[PDB]
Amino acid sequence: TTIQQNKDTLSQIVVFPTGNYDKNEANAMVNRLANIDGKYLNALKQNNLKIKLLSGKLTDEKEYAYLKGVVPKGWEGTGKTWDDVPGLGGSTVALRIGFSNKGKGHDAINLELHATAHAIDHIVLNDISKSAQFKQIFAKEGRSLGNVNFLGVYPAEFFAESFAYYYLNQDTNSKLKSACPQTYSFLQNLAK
């Protein structure tokens, strides 16, 4: 099955932490990532993009120590810094095990899909969220998924959250189709 293939592809991309961690939940996070279209996963593998699962704070990792005390873009006024943020995506991907669900230090529909969508946007699709095509779709529908002061202002964030809705499960996929039809069709064609 395609999901099995995607899980095999992910076995070459996911990095598990050393020490004690929740192995069952880490597997659950991988299983949810396996719903992403294989074309994107294969491209992540080809670019040697690693999806790092973490048992501690992001900024405890050497490569993110420079973000200690830094307030993420769009997080102004939350009183939180990258030290408190459970996931990160872009040129890399890093995710705290156990914080997948909405409300676990974030309000994304799913942490690992949102973060990985950033890496797909930036690495695989050469920042398509900044393209003129997407900006026109973002201008119309970017305030239709809630969190309008964040998703409605940053097209890369609207892309990542829409991507997460599309691939998390059938319920969120349907919700995106109803709320953001042009975005839905855009993602549908993106995978062709």
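For every residue, the number given is its place in the sequence shown, counted from 1.
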item: Residue stretch of maximal mean CA temperature factor, 105-113 vs 69-77; value: 69-77
item: Selection by C-alpha B-factor (highest) of 162, 31, 133, 48; value: 48
item: Residue 57 - which third its CA temperature factor falls in, relative to the rest of the chain; value: middle
item: Cα B factor band for residue 141 (lowest, middle or highest third within the chain); value: middle
item: Third of the chain's Cα B-factor distribution that residue 125 belongs to, per the entry; value: highest
item: Modelled-residue ranking by C-alpha temperature factor, third containing residue 168; value: lowest
item: Third of the chain's Cα B-factor distribution that residue 153 belongs to, per the entry; value: highest
